[PDB]
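Trainee: One structure follows; several queries about it will come next.
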Amino acid sequence: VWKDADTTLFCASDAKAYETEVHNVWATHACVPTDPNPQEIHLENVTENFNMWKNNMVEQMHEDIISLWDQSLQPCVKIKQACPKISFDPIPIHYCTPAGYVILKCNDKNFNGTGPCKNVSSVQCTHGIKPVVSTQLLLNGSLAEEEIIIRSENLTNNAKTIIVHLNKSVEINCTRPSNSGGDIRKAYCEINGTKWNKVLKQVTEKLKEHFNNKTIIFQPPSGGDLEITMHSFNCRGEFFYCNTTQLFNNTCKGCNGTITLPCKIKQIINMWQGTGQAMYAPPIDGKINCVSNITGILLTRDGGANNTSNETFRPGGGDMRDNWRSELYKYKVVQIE
Ligand SMILES: N=C(N)NCC(=O)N1CCC[C@H](C(=O)Nc2ccc(Cl)c(F)c2)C1
Ligand SMILES: *[C@@H]1O[C@H](CO)[C@@H](O)[C@H](O)[C@H]1NC(C)=O
Ligand SMILES: *[C@@H]1O[C@H](CO)[C@@H](O)[C@H](O)[C@H]1NC(C)=O
Ligand SMILES: *[C@@H]1O[C@H](CO)[C@@H](O)[C@H](O)[C@H]1NC(C)=O
Ligand SMILES: *[C@@H]1O[C@H](CO)[C@@H](O)[C@H](O)[C@H]1NC(C)=O
Ligand SMILES: *[C@@H]1O[C@H](CO)[C@@H](O)[C@H](O)[C@H]1NC(C)=O
Ligand SMILES: *[C@@H]1O[C@H](CO)[C@@H](O)[C@H](O)[C@H]1NC(C)=O
Ligand SMILES: *[C@@H]1O[C@H](CO)[C@@H](O)[C@H](O)[C@H]1NC(C)=O
Ligand SMILES: *[C@@H]1O[C@H](CO)[C@@H](O)[C@H](O)[C@H]1NC(C)=O
Ligand SMILES: *[C@@H]1O[C@H](CO)[C@@H](O)[C@H](O)[C@H]1NC(C)=O
Ligand SMILES: *[C@@H]1O[C@H](CO)[C@@H](O)[C@H](O)[C@H]1NC(C)=O
């Protein structure tokens, strides 16, 4: 019979030893060997409150990824050191409670993150979470089981980030083609405009429910730095900055074929870890391709709309805890009393 507590967690994964990919190397020396068998138990007739915005597991994961990137993705300049090209493809990470501690997991299929949960169970580990770092769009995550879910520590307060949990993924295919000749930094992502705009209309329809039927408008970000005005993400080791203006086109339809986002590979990065600007080596040679699932969106809601008929939303990002938070929302650690 538990109690809300914070225990230092431990990680488990199916990482391959002697693999050159940095996620496998970190998981091999930092997550449990052992090869565990965690198990579930339904808590019959039981209800419990959750808060995905006040979750210590979020900061536990955040400590891991920061440690993983510092050991694996070293910048040439911060400090003037080595910076080799590395193998980079995130793998799932499971988080597990030690003895005397359990994770409580919400099985409500329309759970929004905060509040009471009816289908509560106790598990030893979380599901496999891929630690994908990105802005504006959440990549390669899990999908909402039933409806599109709007997540917010408080949807009335405009200062609190919103996580849109898509119930169906939209594939985005980013490439920096090969061939000493030309701007080797130019890149691009291709998206199905028909697919994407169908989902964006469903997000628009779901946002309308929350804001007493109100013209929902999308505006590319003004404030913030390159990594948050642009859709940012690491692909095979390289830092990608993609202009997402075509995705938040309030127009869209003579406009629903293949959308091509212009991208760039950047060398000097304002680190998501807070540690400032850091410079990496120029792009590797050859075809750099990543095909990912868009599984969520990060939005800010403009202020000063209480006397209008419109709500205006902008793609956000910047705090990676929101990314971990988007996959850990159904969990909470509790000390077994
Ligand atoms: N200053 C404080 N308190 N925290 C750091 C901060 O304030 N940050 C916002 C300022 C810049 C940073 C960013 O998010 N960098 C980034 C880099 C590469 C990729 Cl792939 C990505 F998704 C994101 C993070
Ligand atoms: C989430 O659901 C709970 C139900 O108890 C509600 O109190 C809260 O306002 C909801 N938040 C959002 C953003 O839907
Ligand atoms: C709880 O979730 C399980 C699967 O996770 C499923 O049978 C159903 O959605 C719920 N069942 C009960 C008994 O609450
Ligand atoms: C992408 O989503 C599809 C279905 O939406 C899923 O079957 C597939 O495993 C996902 N891929 C990744 C890398 O998550
Ligand atoms: C996703 O959610 C919307 C409601 O927001 C619903 O209309 C749509 O049918 C759902 N799609 C799937 C594939 O379940
Ligand atoms: C959410 O929004 C505002 C806080 O500024 C207020 O109207 C409301 O009571 C808040 N509720 C919670 C649970 O934070
Ligand atoms: C992704 O785009 C590249 C460049 O156009 C292409 O060669 C590759 O086949 C695409 N991937 C898929 C799965 O279509
Ligand atoms: C784009 O998505 C629509 C939505 O169903 C689909 O019918 C169409 O085949 C897709 N286009 C391509 C080129 O895959
Ligand atoms: C409610 O929003 C819809 C768009 O989904 C719009 O067509 C309709 O006119 C709105 N209703 C009112 C009363 O403004
Ligand atoms: C992104 O691209 C669109 C059109 O491709 C352009 O209108 C917009 O100015 C670009 N964003 C920035 C910050 O330059
Ligand atoms: C998403 O997963 C796919 C398949 O596992 C992989 O090819 C791709 O590189 C991943 N995307 C990112 C941004 O890590």
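Just remember, in the structure tokens the first chain shown is A, the second B, etc., residues are 1-based per chain, and ligands are 1-based in the order shown.
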I'd like the contact shell of residue 206 of chain A - 8 Å cut-off, only C-alpha atoms, skipping same-chain residues fewer than 3 positions apart - returned as a CSV table (one decimal) with N, CA, C and O atoms, in the first residue's frame.
Mentor:
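Generated file (out08.csv):
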```csv
chain,number,residue,atom,x,y,z
A,148,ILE,N,-7.3,11.7,-30.9
A,148,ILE,CA,-6.2,12.6,-30.7
A,148,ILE,C,-6.3,13.3,-29.3
A,148,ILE,O,-7.4,13.7,-28.9
A,150,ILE,N,-5.1,16.1,-26.5
A,150,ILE,CA,-4.4,17.4,-26.2
A,150,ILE,C,-4.0,17.4,-24.8
A,150,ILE,O,-4.8,17.1,-23.9
A,202,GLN,N,-7.9,17.3,-38.2
A,202,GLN,CA,-8.4,16.6,-37.1
A,202,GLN,C,-7.8,17.2,-35.8
A,202,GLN,O,-8.6,17.3,-34.8
A,203,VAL,N,-6.6,17.6,-35.8
A,203,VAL,CA,-6.1,18.4,-34.6
A,203,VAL,C,-6.8,19.7,-34.5
A,203,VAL,O,-7.2,20.1,-33.4
A,209,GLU,N,-12.8,21.7,-29.8
A,209,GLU,CA,-13.6,21.2,-28.7
A,209,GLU,C,-13.2,21.9,-27.4
A,209,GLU,O,-14.0,22.3,-26.6
A,210,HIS,N,-11.9,22.1,-27.3
A,210,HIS,CA,-11.4,22.7,-26.0
A,210,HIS,C,-11.6,24.2,-25.9
A,210,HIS,O,-11.7,24.7,-24.8
```
Trainee: Would you write out, as a Markdown table, a table of all residues in chain A that have an atom no more than 10 Å from an atom of ligand 7, listing for each the closest atom pair and the distance in Å to one decimal, considering only C-alpha atoms and all ligand atoms and ordering rows by chain and rising residue number?
Mentor:
```
| residue | atom | partner | partner_atom_place_in_ligand_line | distance |
| --- | --- | --- | --- | --- |
| A:171 | CA | ligand 7 | 13 (C) | 8.8 |
| A:172 | CA | ligand 7 | 1 (C) | 8.4 |
| A:173 | CA | ligand 7 | 1 (C) | 4.9 |
| A:174 | CA | ligand 7 | 2 (O) | 6.4 |
| A:175 | CA | ligand 7 | 4 (C) | 5.7 |
| A:176 | CA | ligand 7 | 4 (C) | 8.1 |
| A:177 | CA | ligand 7 | 4 (C) | 7.2 |
| A:187 | CA | ligand 7 | 4 (C) | 9.9 |
| A:188 | CA | ligand 7 | 4 (C) | 8.5 |
| A:189 | CA | ligand 7 | 2 (O) | 7.7 |
| A:190 | CA | ligand 7 | 2 (O) | 6.9 |
| A:191 | CA | ligand 7 | 1 (C) | 9.6 |
| A:287 | CA | ligand 7 | 7 (O) | 8.7 |
| A:288 | CA | ligand 7 | 3 (C) | 9.2 |
| A:289 | CA | ligand 7 | 1 (C) | 6.7 |
| A:290 | CA | ligand 7 | 1 (C) | 7.6 |
| A:291 | CA | ligand 7 | 13 (C) | 6.6 |
| A:292 | CA | ligand 7 | 13 (C) | 9.6 |
```
Trainee: List all protein, DNA and RNA residues that have any atom at most 8 Å from ligand 9, counting only C-alpha atoms and all ligand atoms, and write the list as a count of residues only.
Mentor: 6
Trainee: Taking only C-alpha atoms and all ligand atoms into account, which residues have an atom no farther than 12 Å from ligand 4? I'd like them as number ranges by chain.
Mentor: A: 89-92, 128-132, 138-145, 166-173, 290-296
Trainee: Okay, now the selection with N, CA, C and O atoms, as a compact mmCIF listing (two decimals), in the first residue's frame?
Mentor:
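Result saved to out.txt:
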```txt
# COMPACT_ATOMS: atom_id res chain seq x y z
N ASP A 89 21.50 5.98 -34.00
CA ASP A 89 20.11 5.61 -34.26
C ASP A 89 19.40 5.25 -32.96
O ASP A 89 19.60 4.13 -32.46
N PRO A 90 18.58 6.13 -32.39
CA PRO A 90 18.07 5.89 -31.03
C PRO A 90 17.41 4.53 -30.91
O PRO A 90 16.71 4.08 -31.82
N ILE A 91 17.64 3.86 -29.78
CA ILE A 91 17.00 2.58 -29.46
C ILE A 91 16.05 2.76 -28.28
O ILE A 91 16.20 3.72 -27.51
N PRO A 92 15.07 1.88 -28.09
CA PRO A 92 14.15 2.03 -26.95
C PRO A 92 14.85 1.79 -25.62
O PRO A 92 15.74 0.94 -25.50
N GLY A 128 9.32 0.53 -24.01
CA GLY A 128 10.53 0.97 -24.67
C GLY A 128 10.40 2.38 -25.20
O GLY A 128 9.59 2.64 -26.09
N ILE A 129 11.19 3.30 -24.66
CA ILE A 129 11.12 4.70 -25.06
C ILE A 129 12.38 5.05 -25.85
O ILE A 129 13.50 4.98 -25.31
N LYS A 130 12.19 5.41 -27.12
CA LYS A 130 13.27 5.93 -27.96
C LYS A 130 13.56 7.38 -27.63
O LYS A 130 12.69 8.23 -27.85
N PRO A 131 14.77 7.73 -27.16
CA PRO A 131 15.05 9.12 -26.76
C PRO A 131 15.38 10.02 -27.95
O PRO A 131 16.51 10.41 -28.18
N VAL A 132 14.35 10.37 -28.72
CA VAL A 132 14.52 11.16 -29.93
C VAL A 132 14.44 12.64 -29.59
O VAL A 132 13.42 13.12 -29.08
N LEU A 138 7.19 15.68 -32.62
CA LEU A 138 7.68 14.51 -31.89
C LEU A 138 7.81 13.34 -32.86
O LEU A 138 6.85 12.97 -33.54
N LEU A 139 9.01 12.76 -32.92
CA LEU A 139 9.33 11.77 -33.94
C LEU A 139 9.52 10.39 -33.32
O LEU A 139 10.14 10.24 -32.26
N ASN A 140 8.98 9.38 -34.00
CA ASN A 140 9.25 7.98 -33.69
C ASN A 140 8.71 7.58 -32.32
O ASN A 140 9.22 6.64 -31.71
N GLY A 141 7.70 8.27 -31.83
CA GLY A 141 7.10 7.95 -30.55
C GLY A 141 5.95 6.98 -30.70
O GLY A 141 5.79 6.30 -31.72
N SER A 142 5.13 6.92 -29.65
CA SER A 142 3.96 6.07 -29.66
C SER A 142 2.73 6.88 -30.03
O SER A 142 2.72 8.11 -29.94
N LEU A 143 1.70 6.19 -30.48
CA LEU A 143 0.49 6.82 -30.95
C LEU A 143 -0.62 6.70 -29.91
O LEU A 143 -0.67 5.72 -29.15
N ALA A 144 -1.48 7.71 -29.88
CA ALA A 144 -2.69 7.68 -29.06
C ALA A 144 -3.59 6.54 -29.52
O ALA A 144 -3.81 6.36 -30.72
N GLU A 145 -4.12 5.78 -28.55
CA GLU A 145 -4.83 4.55 -28.87
C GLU A 145 -6.17 4.82 -29.54
O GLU A 145 -6.58 4.07 -30.45
N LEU A 166 -0.95 12.47 -31.62
CA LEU A 166 -1.64 11.97 -32.80
C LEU A 166 -2.01 10.50 -32.60
O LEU A 166 -1.24 9.72 -32.02
N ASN A 167 -3.20 10.12 -33.07
CA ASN A 167 -3.62 8.73 -33.06
C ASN A 167 -3.26 8.00 -34.35
O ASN A 167 -3.70 6.86 -34.55
N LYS A 168 -2.50 8.65 -35.24
CA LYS A 168 -2.04 8.01 -36.47
C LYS A 168 -0.84 8.79 -36.98
O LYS A 168 -0.82 10.03 -36.93
N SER A 169 0.17 8.06 -37.43
CA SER A 169 1.46 8.65 -37.76
C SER A 169 1.49 9.12 -39.21
O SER A 169 0.82 8.56 -40.09
N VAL A 170 2.27 10.16 -39.46
CA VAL A 170 2.47 10.72 -40.79
C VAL A 170 3.96 10.64 -41.09
O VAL A 170 4.74 11.35 -40.44
N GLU A 171 4.36 9.80 -42.05
CA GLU A 171 5.81 9.60 -42.35
C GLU A 171 6.46 10.84 -42.99
O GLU A 171 5.89 11.37 -43.96
N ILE A 172 7.61 11.26 -42.45
CA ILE A 172 8.39 12.35 -42.99
C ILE A 172 9.76 11.79 -43.36
O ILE A 172 10.39 11.12 -42.54
N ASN A 173 10.22 12.05 -44.57
CA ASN A 173 11.41 11.40 -45.12
C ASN A 173 12.47 12.45 -45.43
O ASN A 173 12.37 13.16 -46.44
N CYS A 290 16.77 9.65 -43.15
CA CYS A 290 16.02 9.26 -41.96
C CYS A 290 14.55 9.31 -42.32
O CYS A 290 14.04 10.37 -42.70
N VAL A 291 13.85 8.19 -42.21
CA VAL A 291 12.40 8.19 -42.38
C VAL A 291 11.78 7.94 -41.01
O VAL A 291 12.05 6.91 -40.37
N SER A 292 10.99 8.90 -40.56
CA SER A 292 10.45 8.89 -39.22
C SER A 292 8.94 9.03 -39.26
O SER A 292 8.33 9.46 -40.25
N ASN A 293 8.35 8.64 -38.14
CA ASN A 293 6.94 8.81 -37.86
C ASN A 293 6.77 10.11 -37.09
O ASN A 293 7.36 10.28 -36.03
N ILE A 294 5.95 11.01 -37.62
CA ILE A 294 5.45 12.12 -36.82
C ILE A 294 4.35 11.54 -35.94
O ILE A 294 3.34 11.05 -36.46
N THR A 295 4.55 11.57 -34.63
CA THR A 295 3.59 11.04 -33.68
C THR A 295 3.07 12.09 -32.71
O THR A 295 2.17 11.79 -31.93
N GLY A 296 3.60 13.31 -32.75
CA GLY A 296 3.05 14.37 -31.94
C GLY A 296 3.53 15.73 -32.39
O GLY A 296 4.45 15.86 -33.21
```
Trainee: Neighbouring residues of residue 157 of chain A were defined as those with any atom within 12 Å, considering only C-alpha atoms; residues of the same chain fewer than 5 positions away were excluded. Please report them as a PDB file with N, CA and C atoms, in the first residue's frame.
Mentor:
```
ATOM      1  N   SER A 152      -1.736  19.235 -21.623  1.00  0.00           N
ATOM      2  CA  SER A 152      -1.383  20.554 -21.120  1.00  0.00           C
ATOM      3  C   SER A 152      -1.473  20.511 -19.604  1.00  0.00           C
ATOM      4  N   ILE A 162       1.704  22.694 -24.915  1.00  0.00           N
ATOM      5  CA  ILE A 162       0.691  21.722 -25.315  1.00  0.00           C
ATOM      6  C   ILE A 162       1.369  20.606 -26.105  1.00  0.00           C
ATOM      7  N   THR A 300       2.567  26.262 -28.648  1.00  0.00           N
ATOM      8  CA  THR A 300       2.296  27.335 -27.709  1.00  0.00           C
ATOM      9  C   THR A 300       1.022  28.031 -28.154  1.00  0.00           C
ATOM     10  N   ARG A 301       0.223  28.483 -27.196  1.00  0.00           N
ATOM     11  CA  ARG A 301      -1.003  29.200 -27.501  1.00  0.00           C
ATOM     12  C   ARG A 301      -0.808  30.669 -27.183  1.00  0.00           C
ATOM     13  N   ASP A 302      -1.043  31.513 -28.185  1.00  0.00           N
ATOM     14  CA  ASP A 302      -0.856  32.950 -28.057  1.00  0.00           C
ATOM     15  C   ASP A 302      -1.722  33.512 -26.930  1.00  0.00           C
ATOM     16  N   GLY A 303      -1.241  34.587 -26.303  1.00  0.00           N
ATOM     17  CA  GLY A 303      -2.021  35.308 -25.323  1.00  0.00           C
ATOM     18  C   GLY A 303      -2.848  36.421 -25.956  1.00  0.00           C
ATOM     19  N   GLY A 304      -3.730  36.992 -25.140  1.00  0.00           N
ATOM     20  CA  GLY A 304      -4.540  38.125 -25.543  1.00  0.00           C
ATOM     21  C   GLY A 304      -5.610  37.792 -26.567  1.00  0.00           C
ATOM     22  N   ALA A 305      -6.253  36.618 -26.426  1.00  0.00           N
ATOM     23  CA  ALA A 305      -7.316  36.194 -27.336  1.00  0.00           C
ATOM     24  C   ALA A 305      -8.660  36.015 -26.629  1.00  0.00           C
ATOM     25  N   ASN A 306      -8.839  36.625 -25.458  1.00  0.00           N
ATOM     26  CA  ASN A 306     -10.040  36.464 -24.642  1.00  0.00           C
ATOM     27  C   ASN A 306     -11.208  37.317 -25.109  1.00  0.00           C
TER      28      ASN A 306
END
```
Trainee: Which residues of chain A come within 9 Å of ligand 1, and for each one, what is the closest pair of atoms and their distance in Å to one decimal, counting only C-alpha atoms and all ligand atoms, sorted by chain and residue number, as a tab-separated table?
Mentor:
```
residue	atom	partner	partner_atom_place_in_ligand_line	distance
A:132	CA	ligand 1	22 (F)	8.5
A:133	CA	ligand 1	22 (F)	4.9
A:134	CA	ligand 1	22 (F)	3.6
A:135	CA	ligand 1	22 (F)	4.8
A:136	CA	ligand 1	22 (F)	8.6
A:224	CA	ligand 1	10 (C)	7.6
A:225	CA	ligand 1	10 (C)	6.6
A:226	CA	ligand 1	11 (C)	8.2
A:227	CA	ligand 1	16 (C)	5.3
A:228	CA	ligand 1	14 (O)	6.7
A:231	CA	ligand 1	22 (F)	7.7
A:232	CA	ligand 1	20 (Cl)	4.7
A:233	CA	ligand 1	20 (Cl)	3.5
A:234	CA	ligand 1	20 (Cl)	4.7
A:235	CA	ligand 1	20 (Cl)	8.4
A:238	CA	ligand 1	20 (Cl)	8.6
A:239	CA	ligand 1	20 (Cl)	5.7
A:240	CA	ligand 1	20 (Cl)	6.7
A:241	CA	ligand 1	20 (Cl)	7.9
A:269	CA	ligand 1	17 (C)	5.7
A:270	CA	ligand 1	11 (C)	4.6
A:271	CA	ligand 1	15 (N)	4.1
A:272	CA	ligand 1	13 (C)	3.2
A:273	CA	ligand 1	5 (C)	5.3
A:274	CA	ligand 1	5 (C)	3.0
A:275	CA	ligand 1	5 (C)	6.6
A:276	CA	ligand 1	5 (C)	7.1
A:277	CA	ligand 1	11 (C)	8.2
A:317	CA	ligand 1	14 (O)	7.0
A:318	CA	ligand 1	14 (O)	3.8
A:319	CA	ligand 1	14 (O)	6.3
A:320	CA	ligand 1	14 (O)	7.2
```
Trainee: Can you work out which one of A:299, A:99, A:261, A:200 has the shortest atom-to-atom distance to ligand 5, counting only C-alpha atoms and all ligand atoms?
Mentor: A:200
Trainee: So, with only C-alpha atoms as the atoms that count, which of A:219, A:313, A:13, A:283 lies closest to residue 178 of chain A?
Mentor: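 Of A:219, A:313, A:13, A:283, the one nearest residue 178 of chain A, counting only C-alpha atoms, is A:283.
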Trainee: For residue 74 of chain A, find every residue with an atom within 10 Å (counting only C-alpha atoms), except residues of its own chain fewer than 2 positions away, and show them as a list in words.
Mentor: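 Near neighbours after the sequence-gap exclusion: residues 69, 70, 71, 72, 76, 77, 78, 81, 82, 83, 84, 85, 86, 278, 279 and 280 of chain A.
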Trainee: Which residues sit within 7 Å of ligand 10, counting only C-alpha atoms and all ligand atoms, listed as a ChimeraX atom specification?
Mentor: /A:229,243-246
Trainee: Create the file for the chosen residues now, containing N, CA and C atoms and written as an mmCIF file, in the first residue's frame.
Mentor:
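As written to disk, part.cif reads:
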```cif
data_model
loop_
_atom_site.group_PDB
_atom_site.id
_atom_site.type_symbol
_atom_site.label_atom_id
_atom_site.label_comp_id
_atom_site.auth_asym_id
_atom_site.auth_seq_id
_atom_site.Cartn_x
_atom_site.Cartn_y
_atom_site.Cartn_z
ATOM 1 N N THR A 229 12.444 27.880 -34.078
ATOM 2 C CA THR A 229 11.724 28.337 -35.257
ATOM 3 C C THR A 229 11.745 27.286 -36.360
ATOM 4 N N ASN A 243 12.600 24.017 -42.285
ATOM 5 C CA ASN A 243 11.571 25.048 -42.282
ATOM 6 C C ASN A 243 10.196 24.396 -42.392
ATOM 7 N N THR A 244 9.379 24.545 -41.350
ATOM 8 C CA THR A 244 8.073 23.894 -41.290
ATOM 9 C C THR A 244 6.934 24.843 -41.646
ATOM 10 N N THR A 245 7.215 25.865 -42.447
ATOM 11 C CA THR A 245 6.187 26.850 -42.755
ATOM 12 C C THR A 245 5.049 26.242 -43.565
ATOM 13 N N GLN A 246 5.352 25.269 -44.410
ATOM 14 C CA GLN A 246 4.351 24.671 -45.270
ATOM 15 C C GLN A 246 3.422 23.746 -44.511
#
```
Trainee: Using only C-alpha atoms and all ligand atoms, which protein or nucleic acid residues are at most 6 Å from ligand 2, as a PDB file with N, CA and C atoms, in the first residue's frame?
Mentor:
```pdb
ATOM      1  N   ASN A 112      -5.463  11.808 -20.610  1.00  0.00           N
ATOM      2  CA  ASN A 112      -4.822  13.021 -21.115  1.00  0.00           C
ATOM      3  C   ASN A 112      -3.588  13.436 -20.323  1.00  0.00           C
ATOM      4  N   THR A 114      -3.055  14.378 -16.876  1.00  0.00           N
ATOM      5  CA  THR A 114      -3.353  14.839 -15.529  1.00  0.00           C
ATOM      6  C   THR A 114      -4.726  14.328 -15.115  1.00  0.00           C
ATOM      7  N   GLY A 115      -4.869  14.010 -13.832  1.00  0.00           N
ATOM      8  CA  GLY A 115      -6.156  13.669 -13.283  1.00  0.00           C
ATOM      9  C   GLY A 115      -6.308  12.200 -12.975  1.00  0.00           C
ATOM     10  N   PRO A 116      -7.547  11.776 -12.738  1.00  0.00           N
ATOM     11  CA  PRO A 116      -7.786  10.406 -12.277  1.00  0.00           C
ATOM     12  C   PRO A 116      -7.774   9.408 -13.426  1.00  0.00           C
ATOM     13  N   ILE A 150      -5.087  16.132 -26.545  1.00  0.00           N
ATOM     14  CA  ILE A 150      -4.446  17.407 -26.239  1.00  0.00           C
ATOM     15  C   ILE A 150      -3.956  17.351 -24.798  1.00  0.00           C
ATOM     16  N   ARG A 151      -2.651  17.564 -24.596  1.00  0.00           N
ATOM     17  CA  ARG A 151      -2.036  17.507 -23.276  1.00  0.00           C
ATOM     18  C   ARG A 151      -1.511  18.878 -22.879  1.00  0.00           C
ATOM     19  N   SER A 152      -1.736  19.235 -21.623  1.00  0.00           N
ATOM     20  CA  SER A 152      -1.383  20.554 -21.120  1.00  0.00           C
ATOM     21  C   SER A 152      -1.473  20.511 -19.604  1.00  0.00           C
ATOM     22  N   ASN A 154      -2.178  22.846 -17.857  1.00  0.00           N
ATOM     23  CA  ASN A 154      -3.423  23.578 -17.682  1.00  0.00           C
ATOM     24  C   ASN A 154      -3.746  24.291 -18.990  1.00  0.00           C
ATOM     25  N   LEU A 155      -4.797  23.839 -19.685  1.00  0.00           N
ATOM     26  CA  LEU A 155      -5.095  24.384 -21.007  1.00  0.00           C
ATOM     27  C   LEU A 155      -5.585  25.824 -20.951  1.00  0.00           C
TER      28      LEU A 155
END
```
Trainee: Could you go through segment 71-308 of chain A and tell me which residues DSSP, when run on the backbone, assigns to helix (DSSP H, G or I), listing them as a count of residues only?
Mentor: 24
Trainee: Residues of segment 154-230 of chain A classed as strand (DSSP E or B) by DSSP on the backbone are to be reported as an MDAnalysis selection string.
Mentor: chainID A and resid 162:176 186:192 215:218
Trainee: Keeping only N, CA and C atoms, write the selected residues as a short mmCIF file (atom, residue, chain, number, x, y, z; two decimals), in the first residue's frame.
Mentor:
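Writing the result to result-v2.cif gives the following:
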```cif
data_model
loop_
_atom_site.label_atom_id
_atom_site.label_comp_id
_atom_site.auth_asym_id
_atom_site.auth_seq_id
_atom_site.Cartn_x
_atom_site.Cartn_y
_atom_site.Cartn_z
N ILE A 162 1.70 22.69 -24.92
CA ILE A 162 0.69 21.72 -25.31
C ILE A 162 1.37 20.61 -26.10
N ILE A 163 1.03 19.36 -25.78
CA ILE A 163 1.50 18.19 -26.52
C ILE A 163 0.30 17.59 -27.23
N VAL A 164 0.33 17.61 -28.55
CA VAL A 164 -0.70 16.97 -29.36
C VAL A 164 -0.25 15.54 -29.61
N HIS A 165 -1.03 14.58 -29.14
CA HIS A 165 -0.73 13.16 -29.30
C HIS A 165 -1.57 12.62 -30.45
N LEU A 166 -0.95 12.47 -31.62
CA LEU A 166 -1.64 11.97 -32.80
C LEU A 166 -2.01 10.50 -32.60
N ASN A 167 -3.20 10.12 -33.07
CA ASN A 167 -3.62 8.73 -33.06
C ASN A 167 -3.26 8.00 -34.35
N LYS A 168 -2.50 8.65 -35.24
CA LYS A 168 -2.04 8.01 -36.47
C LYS A 168 -0.84 8.79 -36.98
N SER A 169 0.17 8.06 -37.43
CA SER A 169 1.46 8.65 -37.76
C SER A 169 1.49 9.12 -39.21
N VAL A 170 2.27 10.16 -39.46
CA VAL A 170 2.47 10.72 -40.79
C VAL A 170 3.96 10.64 -41.09
N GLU A 171 4.36 9.80 -42.05
CA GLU A 171 5.81 9.60 -42.35
C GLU A 171 6.46 10.84 -42.99
N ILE A 172 7.61 11.26 -42.45
CA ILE A 172 8.39 12.35 -42.99
C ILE A 172 9.76 11.79 -43.36
N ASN A 173 10.22 12.05 -44.57
CA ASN A 173 11.41 11.40 -45.12
C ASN A 173 12.47 12.45 -45.43
N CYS A 174 13.50 12.56 -44.59
CA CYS A 174 14.49 13.63 -44.71
C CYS A 174 15.79 13.11 -45.32
N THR A 175 16.32 13.84 -46.30
CA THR A 175 17.47 13.38 -47.05
C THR A 175 18.44 14.52 -47.29
N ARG A 176 19.74 14.20 -47.24
CA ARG A 176 20.83 15.09 -47.65
C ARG A 176 21.61 14.26 -48.67
N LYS A 186 22.83 21.62 -47.84
CA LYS A 186 21.45 21.61 -48.29
C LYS A 186 20.85 20.23 -48.06
N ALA A 187 19.65 20.19 -47.48
CA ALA A 187 18.91 18.95 -47.25
C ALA A 187 17.43 19.21 -47.50
N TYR A 188 16.61 18.16 -47.41
CA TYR A 188 15.16 18.31 -47.55
C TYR A 188 14.41 17.13 -46.91
N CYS A 189 13.19 17.41 -46.46
CA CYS A 189 12.24 16.41 -45.98
C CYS A 189 11.03 16.42 -46.90
N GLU A 190 10.53 15.23 -47.23
CA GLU A 190 9.34 15.09 -48.06
C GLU A 190 8.20 14.56 -47.21
N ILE A 191 7.03 15.17 -47.36
CA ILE A 191 5.85 14.80 -46.59
C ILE A 191 4.67 14.70 -47.55
N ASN A 192 3.75 13.79 -47.26
CA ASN A 192 2.49 13.74 -47.99
C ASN A 192 1.60 14.87 -47.48
N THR A 215 -12.15 29.81 -34.10
CA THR A 215 -11.28 29.74 -35.27
C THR A 215 -9.88 29.39 -34.78
N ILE A 216 -9.39 28.24 -35.19
CA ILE A 216 -8.07 27.78 -34.76
C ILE A 216 -7.08 28.17 -35.85
N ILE A 217 -6.08 28.98 -35.48
CA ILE A 217 -5.11 29.50 -36.43
C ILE A 217 -3.71 29.05 -36.03
N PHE A 218 -2.88 28.79 -37.04
CA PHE A 218 -1.49 28.35 -36.84
C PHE A 218 -0.54 29.42 -37.38
#
```
Trainee: Fewer than 2 positions away in the same chain doesn't count, so skip those; otherwise give me all residues within 9 Å of residue 256 of chain A, counting only C-alpha atoms, as JSON, numbers by chain.
Mentor: {"A": [192, 193, 194, 195, 196, 197, 252, 253, 254, 258, 259]}
Trainee: Determine, counting only C-alpha atoms, which protein, DNA and RNA residues have an atom within 7 Å of an atom of residue 10 of chain A; residues of the same chain fewer than 4 positions away are not included. Present the result as a ChimeraX atom specification.
Mentor: /A:31,95-97
Trainee: Which of these residues is nearest to ligand 5, using only C-alpha atoms and all ligand atoms: A:335, A:309, A:110, A:180?
Mentor: A:110
Trainee: Distance table requested - segment 114-214 of chain A against segment 35-59 of chain A, cut-off 6 Å, only C-alpha atoms: one row per qualifying residue with the closest atom pair and its distance in Å to one decimal, ordered by chain and rising residue number, as a Markdown table.
Mentor:
```
| residue | atom | partner | partner_atom | distance |
| --- | --- | --- | --- | --- |
| A:114 | CA | A:51 | CA | 4.4 |
| A:115 | CA | A:49 | CA | 5.0 |
| A:116 | CA | A:49 | CA | 4.3 |
| A:117 | CA | A:48 | CA | 5.5 |
| A:118 | CA | A:47 | CA | 4.8 |
| A:120 | CA | A:43 | CA | 5.8 |
| A:121 | CA | A:42 | CA | 4.4 |
| A:122 | CA | A:41 | CA | 5.3 |
| A:123 | CA | A:40 | CA | 4.6 |
| A:124 | CA | A:38 | CA | 5.1 |
| A:153 | CA | A:53 | CA | 5.8 |
```
Trainee: Could you state the separation of atom CA of residue 308 of chain A and atom 14 (O, counted along the ligand's line) of ligand 6 in Å, given to one decimal place?
Mentor: 22.9 Å
Trainee: When the cut-off is 7 Å and you count only C-alpha atoms and all ligand atoms, which residues lie near ligand 3, shown as a count of residues only?
Mentor: 4
